[PDB]
$ cat upload07.pdb   # PDB, N, CA and C atoms
ATOM      1  N   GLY A   1     -45.626  33.958  27.524
ATOM      2  CA  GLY A   1     -47.016  34.505  27.395
ATOM      3  C   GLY A   1     -46.982  35.994  27.525
ATOM      4  N   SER A   2     -48.152  36.594  27.730
ATOM      5  CA  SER A   2     -48.225  38.037  27.936
ATOM      6  C   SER A   2     -47.599  38.494  29.258
ATOM      7  N   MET A   3     -47.689  37.694  30.324
ATOM      8  CA  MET A   3     -47.280  38.206  31.632
ATOM      9  C   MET A   3     -45.762  38.195  31.766
ATOM     10  N   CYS A   4     -45.249  39.175  32.504
ATOM     11  CA  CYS A   4     -43.847  39.171  32.889
ATOM     12  C   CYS A   4     -43.656  38.081  33.977
ATOM     13  N   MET A   5     -44.629  38.022  34.901
ATOM     14  CA  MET A   5     -44.662  37.078  36.011
ATOM     15  C   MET A   5     -46.109  37.102  36.532
ATOM     16  N   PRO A   6     -46.463  36.145  37.391
ATOM     17  CA  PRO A   6     -47.777  36.198  38.041
ATOM     18  C   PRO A   6     -47.916  37.313  39.039
ATOM     19  N   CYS A   7     -49.169  37.722  39.300
ATOM     20  CA  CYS A   7     -49.527  38.495  40.454
ATOM     21  C   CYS A   7     -50.461  37.657  41.303
ATOM     22  N   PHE A   8     -50.087  37.520  42.567
ATOM     23  CA  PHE A   8     -50.868  36.830  43.577
ATOM     24  C   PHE A   8     -51.363  37.850  44.609
ATOM     25  N   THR A   9     -52.679  37.819  44.909
ATOM     26  CA  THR A   9     -53.234  38.750  45.917
ATOM     27  C   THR A   9     -52.639  38.511  47.301
ATOM     28  N   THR A  10     -52.215  37.279  47.550
ATOM     29  CA  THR A  10     -51.662  36.911  48.843
ATOM     30  C   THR A  10     -50.248  37.473  49.103
ATOM     31  N   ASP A  11     -49.584  37.952  48.060
ATOM     32  CA  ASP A  11     -48.297  38.651  48.215
ATOM     33  C   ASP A  11     -48.571  40.155  48.300
ATOM     34  N   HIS A  12     -48.453  40.703  49.515
ATOM     35  CA  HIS A  12     -48.773  42.094  49.751
ATOM     36  C   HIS A  12     -47.795  43.032  49.086
ATOM     37  N   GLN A  13     -46.694  42.488  48.574
ATOM     38  CA  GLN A  13     -45.706  43.322  47.879
ATOM     39  C   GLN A  13     -45.696  43.005  46.375
ATOM     40  N   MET A  14     -46.829  42.533  45.876
ATOM     41  CA  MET A  14     -46.919  42.141  44.494
ATOM     42  C   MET A  14     -46.597  43.299  43.536
ATOM     43  N   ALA A  15     -47.018  44.514  43.880
ATOM     44  CA  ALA A  15     -46.843  45.658  42.947
ATOM     45  C   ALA A  15     -45.340  45.957  42.725
ATOM     46  N   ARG A  16     -44.582  45.930  43.819
ATOM     47  CA  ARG A  16     -43.131  46.161  43.786
ATOM     48  C   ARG A  16     -42.443  45.083  42.951
ATOM     49  N   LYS A  17     -42.846  43.832  43.134
ATOM     50  CA  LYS A  17     -42.249  42.730  42.385
ATOM     51  C   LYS A  17     -42.548  42.849  40.891
ATOM     52  N   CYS A  18     -43.776  43.196  40.576
ATOM     53  CA  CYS A  18     -44.181  43.387  39.196
ATOM     54  C   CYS A  18     -43.431  44.525  38.528
ATOM     55  N   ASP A  19     -43.217  45.625  39.261
ATOM     56  CA  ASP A  19     -42.346  46.705  38.755
ATOM     57  C   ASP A  19     -40.931  46.197  38.499
ATOM     58  N   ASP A  20     -40.405  45.413  39.426
ATOM     59  CA  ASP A  20     -39.015  44.869  39.277
ATOM     60  C   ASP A  20     -38.932  44.058  37.972
ATOM     61  N   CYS A  21     -39.923  43.191  37.745
ATOM     62  CA  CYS A  21     -39.955  42.315  36.546
ATOM     63  C   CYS A  21     -39.928  43.194  35.297
ATOM     64  N   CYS A  22     -40.639  44.325  35.367
ATOM     65  CA  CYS A  22     -40.876  45.195  34.213
ATOM     66  C   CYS A  22     -39.848  46.366  34.087
ATOM     67  N   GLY A  23     -38.851  46.360  34.961
ATOM     68  CA  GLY A  23     -37.699  47.245  34.823
ATOM     69  C   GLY A  23     -37.635  48.457  35.739
ATOM     70  N   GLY A  24     -38.522  48.538  36.758
ATOM     71  CA  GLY A  24     -38.485  49.633  37.705
ATOM     72  C   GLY A  24     -39.786  50.319  37.988
ATOM     73  N   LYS A  25     -39.686  51.419  38.720
ATOM     74  CA  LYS A  25     -40.838  52.010  39.399
ATOM     75  C   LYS A  25     -41.898  52.421  38.382
ATOM     76  N   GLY A  26     -43.144  51.982  38.609
ATOM     77  CA  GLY A  26     -44.285  52.362  37.772
ATOM     78  C   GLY A  26     -44.379  51.625  36.452
ATOM     79  N   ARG A  27     -43.484  50.665  36.214
ATOM     80  CA  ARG A  27     -43.412  50.032  34.901
ATOM     81  C   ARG A  27     -44.297  48.799  34.695
ATOM     82  N   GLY A  28     -44.726  48.184  35.789
ATOM     83  CA  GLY A  28     -45.594  47.005  35.704
ATOM     84  C   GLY A  28     -46.936  47.247  36.331
ATOM     85  N   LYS A  29     -47.981  46.574  35.825
ATOM     86  CA  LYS A  29     -49.291  46.634  36.471
ATOM     87  C   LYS A  29     -49.762  45.212  36.722
ATOM     88  N   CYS A  30     -50.257  44.974  37.936
ATOM     89  CA  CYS A  30     -50.985  43.747  38.221
ATOM     90  C   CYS A  30     -52.405  43.868  37.757
ATOM     91  N   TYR A  31     -52.746  43.061  36.769
ATOM     92  CA  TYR A  31     -54.100  43.062  36.230
ATOM     93  C   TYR A  31     -54.621  41.649  36.280
ATOM     94  N   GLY A  32     -55.491  41.379  37.257
ATOM     95  CA  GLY A  32     -55.846  40.015  37.562
ATOM     96  C   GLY A  32     -54.602  39.205  37.903
ATOM     97  N   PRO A  33     -54.552  37.964  37.430
ATOM     98  CA  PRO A  33     -53.416  37.087  37.791
ATOM     99  C   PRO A  33     -52.091  37.353  37.097
ATOM    100  N   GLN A  34     -52.031  38.395  36.246
ATOM    101  CA  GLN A  34     -50.863  38.676  35.429
ATOM    102  C   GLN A  34     -50.237  40.016  35.775
ATOM    103  N   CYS A  35     -48.913  40.016  35.947
ATOM    104  CA  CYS A  35     -48.103  41.243  35.889
ATOM    105  C   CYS A  35     -47.821  41.580  34.446
ATOM    106  N   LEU A  36     -48.327  42.709  34.006
ATOM    107  CA  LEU A  36     -48.142  43.152  32.637
ATOM    108  C   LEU A  36     -47.286  44.414  32.631
ATOM    109  N   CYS A  37     -46.292  44.455  31.750
ATOM    110  CA  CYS A  37     -45.505  45.666  31.631
ATOM    111  C   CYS A  37     -46.315  46.691  30.852
ATOM    112  N   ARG A  38     -46.370  47.905  31.375
ATOM    113  CA  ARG A  38     -47.075  49.014  30.743
ATOM    114  C   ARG A  38     -46.411  49.453  29.463
TER     115      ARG A  38
END
$ encode --input "upload07.pdb" --output "structure tokens"
Amino acid sequence: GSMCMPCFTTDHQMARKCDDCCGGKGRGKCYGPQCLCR
């Protein structure tokens, strides 16, 4: 699908994980339930 991985509000480190999925610092955004690569 569009998302690299989910974003869950209950994971306080979701932003870091989403960046990891998307290849590093600043590369992913949590937008609602989806981590999307910028």
$ atom_distance --input "upload07.pdb" --atom1 "CA of residue 21 in chain A" --atom2 "CA of residue 9 in chain A"
16.6 Å
$ atom_distance --input "upload07.pdb" --atom1 "atom C of residue 14 in chain A" --atom2 "CA of residue 38 in chain A"
14.0 Å
$ atom_distance --input "upload07.pdb" --atom1 "atom N of residue 18 in chain A" --atom2 "atom N of residue 2 in chain A"
15.1 Å
$ select_by_dssp --input "upload07.pdb" --residues "chain A" --states "helix (DSSP H, G or I)" --output "list in words"
residues 14, 15, 16, 17, 18, 19, 20 and 21 of chain A
$ residues_around --input "upload07.pdb" --residues "residue 31 in chain A" --least-positions-apart "3" --cutoff "8 Å" --atoms "only N, CA and C atoms" --output "number ranges by chain"
A: 6-7, 28, 34-36
$ select_by_dssp --input "upload07.pdb" --residues "chain A" --states "strand (DSSP E or B)" --output "PyMOL selection string"
chain A and resi 5-6+28-31+34-37
$ closest_residue --input "upload07.pdb" --among "A:20, A:15, A:26, A:33" --to "residue 3 in chain A" --atoms "only C-alpha atoms"
A:33
